[PDB]
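Residue numbers are given in PDB author numbering: position 9 of the sequence shown equals residue 114, and the series is strictly consecutive. We put the CB at the ideal spot given by N, CA and C, even for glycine. Just below is one structure, and these are the notes that go with it.
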Amino acid sequence: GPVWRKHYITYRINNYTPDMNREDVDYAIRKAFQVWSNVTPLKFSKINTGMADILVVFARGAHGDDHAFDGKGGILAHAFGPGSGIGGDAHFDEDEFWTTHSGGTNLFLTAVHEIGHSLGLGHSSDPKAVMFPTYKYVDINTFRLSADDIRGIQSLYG
Ligand SMILES: COc1ccc(S(=O)(=O)NCC(=O)NO)cc1
Ligand SMILES: [Ca+2]
Ligand SMILES: [Ca+2]
Ligand SMILES: [Ca+2]
Ligand SMILES: [Zn+2]
Ligand SMILES: [Zn+2]
């Protein structure tokens with residue numbers, strides 16, 4: 106399906122979870138974009154105003170799309186593939202407790218997966234892939250994409 110047909114992509118953080126320090130939210134999301142820019146020709150820039158390609162949102166329950174959140178647990182986040190408007194946007198369930206670490210739900214690891222969707226990736230059947238639909242914490246300091254993730258993204262870009 107859809108892919109971004111340009112190399113410079115913008116994102117904007119619509120609002121901030123009260124679960125984390127603001128700078129930690131910024132850094133998690135930045136690091137998650139870097140995972141993908143490492144392996145494609147894409148460049149990502151955070152903008153503070155205006156229409157971004159990728160809007161990052163924290164919201165709970167019904168929040169104006171067809172993908173209502175479900176309280177703590179279950180669905181952690183969802184994202185829309187490349188396109189105009191809501192296309193590219195990544196939404197994180199505020200009913201989760203977002204963290205920089207192994208506690209609650211790790212924002213960085215979740216964001217890597219969601220941004221994969223924002224770039225056009227679907228799910229992987231390989232438990233080793235970040236694009237596998239089940240959340241499982243792994244050490245974020247040594248995190249690496251699986252070969253399956255890299256194959257998937259390189260099928261769309263570069
Ligand atoms: C590692 O990243 C994620 C992100 C979300 C989920 S999930 O919310 O539990 N499943 C729905 C989903 O795949 N959303 O993109 C599971 C893992
Ligand atoms: Ca949930
Ligand atoms: Ca968008
Ligand atoms: Ca929360
Ligand atoms: Zn949503
Ligand atoms: Zn997913």
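- Counting only unbroken stretches of 3 or more residues, the beta strand (DSSP E) elements lying wholly within the stretch 122–208 are 148–151, 159–164, 182–184 and 195–198, in sequence order.
- With fewer than 16 other Cβ atoms from the protein chains shown falling within 10 Å of its own Cβ, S189 counts as exposed.
- Comparing C-alpha distances from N211 to each of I255, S229, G227 and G178 shows the shortest one belongs to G178.
- In the three-state scheme derived from DSSP, where H, G and I count as helix and E and B as strand, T239 is classed as coil.
- Classified as exposed, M156 has fewer than 16 neighbouring CB atoms from the shown chains inside 10 Å of its CB.
- By the Cβ test, the stretch 143–154 is not in contact with the stretch 165–176, since fewer than three Cβ pairs between them sit closer than 8 angstroms.
- Around the beta carbon of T215, 16 or more other beta carbons lie within 10 angstroms, which makes this residue buried.
- By the CB criterion at 8 angstroms, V161 and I134 fall inside the cutoff.
- In this structure, the beta-carbon distance from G186 to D158 does not fall below 8 angstroms.
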